[PDB]
Each structure stands twice: as structure tokens, then as C-alpha cells.
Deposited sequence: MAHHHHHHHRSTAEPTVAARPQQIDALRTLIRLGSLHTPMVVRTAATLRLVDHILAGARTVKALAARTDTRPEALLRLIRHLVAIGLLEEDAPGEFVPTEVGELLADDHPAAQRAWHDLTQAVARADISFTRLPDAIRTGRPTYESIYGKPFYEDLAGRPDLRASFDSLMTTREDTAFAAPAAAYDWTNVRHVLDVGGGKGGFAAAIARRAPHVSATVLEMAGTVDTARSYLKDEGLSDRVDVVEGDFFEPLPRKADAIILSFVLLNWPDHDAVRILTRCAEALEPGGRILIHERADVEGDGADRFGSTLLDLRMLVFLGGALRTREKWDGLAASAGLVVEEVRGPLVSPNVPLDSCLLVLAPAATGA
């Protein structure tokens, strides 16, 4: 009992079997009509004997079941590996896309606990975002994964703040601009600017065009460790600061403080440290990037170092469906 529990918790084969199934698009091939192990093997370009041994573990953990002899089909849980499922778990487990690939850094977790430093570079040759800057496929899949974290498409954070006195929003590291878009739909008088890295700026521009928002949201390529491209009344850091150790996060916050208009505020949208998934995201930040999730008291110190104070934390954001784990910290000049 206790022995079986410990063995399952410590098992490396099971998560790699799940990720291999996702990378091979196994459930998609089954749902597209691959009824036999020979057809599945052919569509995935794998050895049939080896694929069957993978399938045997997929059956044992309840992702596949045998309907007829030799005919394997997804269970209710396996169906979440279909590529069009809205939770996007296939892509989140795909070893050729940015996050599951980055998760290999966990194989060197002892080094990260001994040093406090990320292990991603020791495995892939460059730190996380520099590796993405050299790999257009990983840059693109990362940006797409970041748009599948929550089901409101930033509607819930955009609704948690009053935009009446805001004329311009600067979305610092704003990904493909989904947050800037949600504010624009919410608040017709606001204009916005997204500051992002090379590669990402082009998909942000295409996304904002296709929303019909090109006239209201601009995109600037740049580095948020440098002086920001313009001033704004609200400056958004959405899942940015957790990517960075304290001294780097203070540098970013300081650049934002310097770009605030009088009366402006900085909005940090992030999962706060205090259930489910908190330790996964925190340890991801450690081994990918050297970042961390932060408590309120930790945020107080970071803000003070940047000439700011935490005015308000708008607690875990609500959706009609699956709850957002994230919060909105509102920061003002000290």
C-alpha cells in the first residue's frame, strides 16, 4: 500500500509515456481512424512491437482501453490528449514544444536545489529565452502555450480592474497581446502598446490585426530591462516577474516605475504564493529560469526596492468555469 503509493509517485516512466503519446499525436491518429496497432505505427512512424509496449502502459494507467481485440481507444481521460481539446494538454505534453522540452530540466533538480540556479542552460546550451530566440519553432509554440493557461482569454483579469481613468496601457512582455486585446474590448477609450521580443512581436501583430484591434493596440520590439518605449497610465506585468530572480524583477519594476504617468499604476498578474499546481509552477520557474512564485510579504520587499508599494491584491480570479489560479497586484509609487 504505502509501497505502491511511493513507487507510483517516484515513477519516471509514466510521465514520459504520457508525453511520448502526446508527441506522437497517438490519440489524434486513433480518432482520425487508425484502428490497428499497424495503422497507428505507420501514422506515427514507430516500430509496432515497441508501440504496443507503450500502449500497454497507456492502458495500465487508464489513458487507453481495448475495445475489440487489438483495437485501442482513448478513455475519458485520454481524450484530453486530442489536439483540439480546449485544455490544450496535448501541446503542454509535447516534447517538441517549448514547455515539455523545458521540463527535461527537472532531470537535474539536485543541481538546482544545491545552487539555486536553473538547469535549462546546462542541458540545451543557452538560457531559456535565448534558446527560444534561436529556435523559431520553440518561440512560436511557447507563445501559443502561453495563450492556453486560462479559459477566459484574459477576460477575468481585464474585468478585475477599473479602466475609467486610464488612457494608455503598456503591456510589458505581453506575449501575443491577448491581455491588451481583452482590455481594449472591455474599455473602448483605451489605447495600448505591447512590448515584446523578436519573433513574438510578429505573431502579436497578426493576432491584433485579426481581432480588428490594429488601430488600438501597437506592438514594439524591445527589451524591458531598457528604458520603456513610452509612458502609460497602466503598466501590465502578466506572468513576467515570476520568470526572474529578485534583482532582475526589481530592474523590470524600476523601468516600469520610470514610465508611469502621474496617477498611474503597475498591475502584476501572476499566481501568488500562499492550491493545486502551485508547487509545479514554482519549481518550473526554478529549473527553467531561476525565477520563483512570491508571497505578499516578498512582493512588499520587491516593490519597496523599486520605489513602489503594493496598494491592493485582487485575490484569485474567478471564471464561470474552471477557476483562474492567478491574482492581480496593484502597485503605486511609494
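Engineer: Could you sort out which parts of the deposited sequence are absent from the coordinates (no C-alpha) and give them as ranges from 1?
Structural biologist: Seq positions lacking coordinates: 1-24, 299-304, 365-368.
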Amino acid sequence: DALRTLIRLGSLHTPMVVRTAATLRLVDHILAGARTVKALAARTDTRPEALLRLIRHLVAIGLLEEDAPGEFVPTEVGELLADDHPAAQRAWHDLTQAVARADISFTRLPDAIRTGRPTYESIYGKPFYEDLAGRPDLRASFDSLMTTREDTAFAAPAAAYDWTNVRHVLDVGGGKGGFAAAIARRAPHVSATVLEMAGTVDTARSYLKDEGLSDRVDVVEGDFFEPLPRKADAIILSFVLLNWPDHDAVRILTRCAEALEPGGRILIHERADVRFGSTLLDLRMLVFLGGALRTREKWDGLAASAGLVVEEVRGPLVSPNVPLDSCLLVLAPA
From here on, numbers count along this sequence of modelled residues.
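By rigid core we mean the largest C-alpha set that fits within 1.5 Å across both forms.
Engineer: Find the stretch among 11-19 and 306-314 with the larger RMS C-alpha deviation in 6 other deposited structures of this protein, all structures being superposed on the shown form by the rigid core.
Structural biologist: Larger mean C-alpha displacement, comparing 11-19 and 306-314 in 6 other deposited structures of this protein, is found in 306-314.
Engineer: Any chance you could tell me whether 35-43 or 22-30 drifts more in 6 other deposited structures of this protein, judged by RMS CA distance from this form after superposing on the core?
Structural biologist: Most displaced of the pair in 6 other deposited structures of this protein: 35-43.
Engineer: Relative to the other PDB entries of this protein in the set, is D67 coordinate-less in at least a third?
Structural biologist: Missing in at least a third of the others, so yes.
Engineer: Please compare 66-74 with 53-61 and say which has the higher mean C-alpha temperature factor in the record.
Structural biologist: Mean CA B-factor is higher for 66-74.
Engineer: Quick one: say whether 206-214 or 157-165 has the higher mean Cα B-factor in the deposited entry.
Structural biologist: The deposited B-factors put 157-165 ahead on the C-alpha mean.
Engineer: Checking the entry, which one of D111, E258, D246, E130 has the top C-alpha B factor?
Structural biologist: Highest C-alpha B-factor among the listed options: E258.
Engineer: Comparing recorded Cα B-factors across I268, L283, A272, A42, which one is largest?
Structural biologist: By C-alpha B-factor in the record, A272 ranks first.
Engineer: Where does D233 sit by CA temperature factor within its chain: lowest, middle or highest third?
Structural biologist: Its C-alpha B-factor belongs to the highest third of this chain's values.
Engineer: Sorting by Cα B-factor within the chain, modelled residues only, which third would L242 end up in: lowest, middle or highest?
Structural biologist: It falls in the bottom third of the chain.
Engineer: Select lowest, middle or highest to describe the third in which the CA B-factor of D103 falls within its chain in this entry.
Structural biologist: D103: CA B-factor falls in the lowest third of its chain.
Engineer: By the record's CA B-factor, is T36 among the lowest, middle or highest third of residues in the chain?
Structural biologist: According to the entry, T36 has a C-alpha B-factor in the chain's highest third.
Engineer: Ordered by C-alpha B-factor within the chain, which third holds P86? Give me lowest, middle or highest, please.
Structural biologist: Top third by C-alpha B-factor.
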